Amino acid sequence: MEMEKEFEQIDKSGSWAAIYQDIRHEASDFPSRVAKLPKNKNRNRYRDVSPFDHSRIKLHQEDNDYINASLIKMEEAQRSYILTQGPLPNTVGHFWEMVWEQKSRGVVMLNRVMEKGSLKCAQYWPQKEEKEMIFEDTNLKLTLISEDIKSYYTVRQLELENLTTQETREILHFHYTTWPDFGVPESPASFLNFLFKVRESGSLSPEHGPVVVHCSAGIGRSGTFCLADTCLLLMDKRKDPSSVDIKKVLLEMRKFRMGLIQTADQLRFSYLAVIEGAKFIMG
């Protein structure tokens, strides 16, 4: 079926939970043996969210190459993304090592450091220009260059220096600051505006390594971001845009990381975002 009318048909019939449970039943199951090794317990935020062995990002290190991060490679859309958990106190150096080694330009953050009165990820970037951060375990230095605070999101320019080689690179930090503590946003308008700002920066384009996207677990909000981006790109590429099937795209992405889209409300919100976004691209 088309999307917008499949949408009203699920709303009127109140069957979002049944649709979402079908997706969960059909999703891929692949091994995650490296994630479950005992030496990696303090590298995982949640015991039930792990990268598959076949698609995990490897750190260029001979001691321990493990990070909780997955490469999502979308062949028809010609887009790639790295989805990862929010960094932990003992993985902030690994996180920036990955950004460096994978040649990423942008980092997309969809959570606040504290939500619901608890810590959802480490304070992994500097908050003042004159107070830079050094990650001694991976030999990197990170400096805040500029910051632009808007009503729904903040954009930061960061400088990452590899201290072994003295090479430097500019990294863009795109921080969506207004996702509610409970549920999903009422309108997708600010989320779509944010997606378009990431796109306009070059961070999603083939001349750079894959964008790094995270929330707390790296599967819920993060899944919504890449699902919406890929569906809108396919609608631009194909002769028949109504052939794009959001449930099929989501199942394809779940071949590369488990659990993408965590609730039926996130599924409905993804439909809403793609539907509204398709009108702005053109109508």
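We number the residues from 1 along the sequence you see.
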- Note on the structure: Comparing mean C-alpha B factor in the record for 121-129 and 181-189, the higher one is 181-189
- Item | 132-140 set against 208-216, stretch whose average Cα temperature factor tops the other in the entry | 132-140
- Task: In terms of CA temperature factor as recorded, identify the highest of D53, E252, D229, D236.
- Result: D236
- Query: Looking at the C-alpha B-factor of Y152, is it in the lowest, middle or highest third of its chain?
  - Reply: highest
- Note on the structure: Of the three thirds of the chain ranked by Cα temperature factor, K41 occupies the highest
- Quick one: classify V107 as lowest, middle or highest third of the chain based on its Cα B-factor. lowest
- Task: Compare the C-alpha B factor of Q166 with those of the other modelled residues in its chain, then answer lowest, middle or highest third.
- Result: highest
- Could you say whether, by C-alpha temperature factor, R257 belongs to the lowest, middle or highest third of its chain? lowest
